[PDB]
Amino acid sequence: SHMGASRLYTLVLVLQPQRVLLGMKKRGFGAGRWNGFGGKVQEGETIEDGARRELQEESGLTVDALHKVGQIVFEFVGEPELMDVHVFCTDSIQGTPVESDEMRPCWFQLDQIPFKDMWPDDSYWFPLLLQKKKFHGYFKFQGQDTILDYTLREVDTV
C-alpha cells in the first residue's frame, strides 16, 4: 500500500535463453547506466502499447508478444509523484536492435549483467526476472544512487 498519485512508466527486457538485451542511456536522466527500454506512458495508449512504443523508439525492435513480469513503485525523496513502473518481458523479437539518440543496445550473457553500472534496484529484482517469478517491488531512493528502503515479494497476479 503506497498512497498518492503515481505516474505510469514501462520497462521492457528482451530476455532470451542465454542472453539479455540492455541499452546504454546516452542522454538525459540516468545517462551512463545500462537499462531496459522504457519511459512514460502517454495519454491515449494502453500500458502495453506504451511499452511497445518505447522499445521501438529506443532500439528499433518490434515484438510479437510482451509479458507482464512485475510492477515496481519508486519514491524519490522530495519528489511528490510516485512512479508506477510496469515491467515486461519478451524472448522473441523482430529485427536487429539499432542505436538511437537515447540508447545504445548490446546483448549480455546472463552471468555478465553489469549490475554496478545499472540502476541499484536492478540487483534486487533482476534475479526474479531471470527465474521467471512475477513480483511487486517498492524502492525509496535519495537521489540516483541510494536506496533508503525497499520491499520485494512474489505475486500470482502482476
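For every residue, the number given is its place in the sequence shown, counted from 1. Think of the rigid core as the biggest set of C-alphas that the two forms share within 1.5 Å after superposition.
Farther on average from this form in 4 other deposited structures of this protein lies stretch 138-146, the comparison being between 138-146 and 15-23 by RMS Cα distance after core superposition. In 4 other deposited structures of this protein, superposed by the rigid core, the C-alpha atoms of 28-36 lie farther from the shown form than the other of 103-111 and 28-36.
Stretches 31-39 and 126-134 differ in mean CA B factor, with 126-134 having the higher one. Averaged over Cα atoms, the B-factor as recorded in the entry is higher for 92-100 than for the other of 45-53 and 92-100. The entry lists a Cα temperature factor for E58 that places it in the middle third of the chain's modelled residues. When the modelled residues of the chain are ordered by C-alpha B-factor, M118 sits in the lowest third.
The entry lists a Cα temperature factor for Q16 that places it in the highest third of the chain's modelled residues.
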